[PDB]
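Below is one structure, written out as structure tokens; the observations come after it.
No lab work stands behind these numbers, since they all come straight from the coordinates. Note that each Cβ is placed from the backbone with ideal geometry, even for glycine, and that neighbours are counted across all protein chains shown.
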Amino acid sequence: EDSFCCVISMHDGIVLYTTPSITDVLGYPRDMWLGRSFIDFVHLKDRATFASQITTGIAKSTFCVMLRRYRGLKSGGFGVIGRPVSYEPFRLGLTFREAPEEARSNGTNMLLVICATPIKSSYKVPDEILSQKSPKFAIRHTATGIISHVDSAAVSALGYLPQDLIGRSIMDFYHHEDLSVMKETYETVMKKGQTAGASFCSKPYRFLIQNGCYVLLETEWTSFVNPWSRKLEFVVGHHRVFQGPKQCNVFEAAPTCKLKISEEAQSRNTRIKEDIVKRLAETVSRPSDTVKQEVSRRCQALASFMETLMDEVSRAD
Amino acid sequence: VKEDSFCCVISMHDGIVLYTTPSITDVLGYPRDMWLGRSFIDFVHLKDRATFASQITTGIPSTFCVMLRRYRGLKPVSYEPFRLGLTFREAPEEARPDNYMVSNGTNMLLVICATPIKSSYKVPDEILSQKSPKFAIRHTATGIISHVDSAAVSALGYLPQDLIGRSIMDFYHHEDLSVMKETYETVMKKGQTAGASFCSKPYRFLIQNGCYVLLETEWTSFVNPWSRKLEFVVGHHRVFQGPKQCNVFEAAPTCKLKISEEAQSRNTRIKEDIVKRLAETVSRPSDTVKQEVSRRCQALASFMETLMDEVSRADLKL
């Protein structure tokens, strides 16, 4: 789309050069960043992720991060009213490249080239319906339900950066009014799990996106089962958003507002979910017609020796 | 010329062995059908199933090492190092059972190609060259190992998963501990200038069996530019002084250490290393004038201008 780049020295960490577009994408003045530390523009919650990338990197992948727009400066701004400091989602692409000598100190002097590009939500009209143009993204959580993988394609549909979701229990994202129609769903991904690779779809369910709204997800479930421990390892859902959200801006701030009732919610559900995990822990079974071939190589090998025994005896003494 | 090994095939359905090369008897000692119908996982040392299963859950729609069990003959239990080569392949329809015809499922088959791994040390205390192997180890700043070149296993009976997790400290000679700290110092003061590296004074390293060796290390490191702390220390080894007994992955648990004011005084030392770095912030003084000169330099400018632009192009519109 419409990106911008910067060259960072990997010695001290300060940006060194910037494409002109820096301004039109993040509102920053042309040479504003030159000399400043790149991290200063990375949301404190994504710095971990960012380090993780330039550490296991020092096809070429991309990750996500919140960058802060330009509004705050030395003088701030005179005239127009203040500035509610904001951050926006960006796809980043790392690229290390050796820095060119300039004259005529063992130790190669590196250079980081970041190319950041804005991530736009994918919902124009409010309750947007499924169009074959809509993104397909997958998510995976473990036996206990903790999510672990999220296709980058999920950010523009749920407004969650991969690292925001991963580590959270898949459950927290289910409509408390649906926990039931869901429990009966997993109860199936498991039955299906009696066949490696077996897949199947389901009736659109409500997923709590970033900004508080809920959506309708079209899912084609799959999972993997340790064929030696015969336990479900992870469940992964291929997704497509069926019915968009209420608030088209996936990244829009989520407004606080919900309801419940202790004795019939803070436990009715906190308990029903508990049964879902346990029911995922239920050791699947994989029958095989080569079990007879085993228990039978037993009796045959035991006797084939039992005989040798009598022989070694009926002949010896 | 390592053509001594055996394969077999597993059904990912139940992990049972469906076939096995005739060699299996040769190399490991089991008769041609001893395994068929068995849970392949039972034949690998407990302390490896992890590494194994893991290598599975990921490579499922490169090599790795494990400890395998030899045939319990008759005239306890024996295990020998093997390098497996997982290969998933699907079965053609004419060969898929009826429980896999009735579903969208998939019938995956594992082609595990086991291969024994002999030590590279034949002559005790050997100090060769071109025939010795070069292998790297990398530990985190708090000192614990994070990666070990496979090319190491044949030079220390340590299977990689035997090192990752433990503190590279342990494998240092209790007597050299001081001189080690003297070098990690160099590592650090060397970290001021990124990229730097340096060979060193051959040191004692504890290999599997219990013997020590001499390591020719060329230390290198990575300092995070932003939060100016050390991210990891990596050492590229070349072993120039072989082991006394040519390790065939045995063991000899008869050690000899000392008391509090001699051992506990060796712990104030290691914990001191974890200190001299871990947090010890690395200096990265940015020269004032250069920054400007280089800023004027119309060459660098255009250089960057392109660089930027070539990345704005590839990584973006592809």
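Can you list the GluC sites (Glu not before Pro) in the stretch B:130-215 that are in a DSSP coil and have 12 or fewer other beta carbons within 10 angstrom?
B:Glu175
Taking Cα atoms of the stretch A:188-317, Rg/Rh with Kirkwood Rh, to two decimals?
Dividing the radius of gyration by the Kirkwood radius yields 1.34.
Count neighbours as other Cβ atoms within 10 Å of each site's Cβ, and list the trypsin sites (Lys or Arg not before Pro) in the stretch B:114-173 that are DSSP loop with at most 16 such neighbours.
Sparse-neighbourhood loop trypsin sites (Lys or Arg not before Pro): B:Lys118, B:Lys122, B:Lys131, B:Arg166.
What is the ratio of the Cα radius of gyration of the stretch B:1-117 to 2.2 N^0.38 Å, with N the residue count, to two decimals?
Output field value: 1.11.
Largest first and in whole Å, what are the equivalent-ellipsoid semi-axes of the protein assembly as shown based on the Cα gyration tensor, each being the root of 5 times an eigenvalue?
Computed over the protein assembly as shown, the values are 49, 41, 22 Å.
Based on Cα positions only, what radius of gyration and what Dmax would you give for chain B, in angstroms?
25.5, 84
For a quick check of your reading of the filter: which GluC sites (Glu not before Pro) in the stretch A:121-209 sit in a DSSP loop and have no more than 13 other Cβ atoms within 10 Å?
A:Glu177
Taking the Cβ-Cβ separation of A:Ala51 and B:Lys201 as r and a Förster radius of 41 Å, what is the calculated FRET efficiency to the nearest 0.05?
According to the calculation, E is roughly 0.80.
Could you line up A:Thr188, A:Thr23 from fewest to most neighbouring Cβ atoms inside 10 Å?
Listing A:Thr188, A:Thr23 from fewest to most nearby Cβ atoms yields A:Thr188, A:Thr23.
With each label point set 7 Å from Cα along the Cα-Cβ vector, what nm distance links A:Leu259 and A:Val291?
Output for this residue pair reads 5.1 nm.
Label point 7 Å out from B:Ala279 along Cα-to-Cβ: which residues of the stretch B:170-199 have amide N under 16 Å?
none
Fewest Cβ neighbours within 10 Å first, please rank A:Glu1, B:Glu218 accordingly.
The order, fewest Cβ neighbours first, is A:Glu1, B:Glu218.
Restricting to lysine pairs 8 or more places apart or on different chains, what number in the stretch B:166-301 have Cα atoms under 12 Å apart?
Going through the stretch B:166-301 pair by pair, I get 4.
Using only Cα atoms, figure out Rg for the stretch B:120-181 and give it as a multiple of 2.2 N^0.38 Å.
Compared with the compact-globule rule of thumb, the stretch B:120-181 sits at 1.24.
For A:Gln300 and A:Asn249, what does the FRET efficiency come to when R0 = 60 Å and r is the distance between their Cβ atoms, rounded to the nearest 0.05?
My answer for the efficiency is 0.30.
Taking amide H atoms as placed 1.01 Å from N in the peptide plane, list the residues 5 or more away in sequence, or in a different chain, whose amide H sits under 5 Å from that of B:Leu68.
Sorted by chain and number, the residues that satisfy this are B:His45, B:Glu80, B:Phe82.
In units of 2.2 N^0.38 Å, what is the alpha-carbon radius of gyration of the stretch B:210-286?
Cα-based Rg divided by the globular estimate yields 1.56.
With Kirkwood's inverse mean 1/r over C-alpha pairs for Rh, give me the Rg to Rh ratio of the stretch A:120-287, two decimals please.
Over the Cα atoms of the stretch A:120-287, Rg/Rh equals 0.97.
Where the centroid of each part is defined by its Cα atoms, how far is the stretch A:42-88 from the stretch B:161-234 in Å?
Between the Cα centre of the stretch A:42-88 and that of the stretch B:161-234, the gap is 35 Å.
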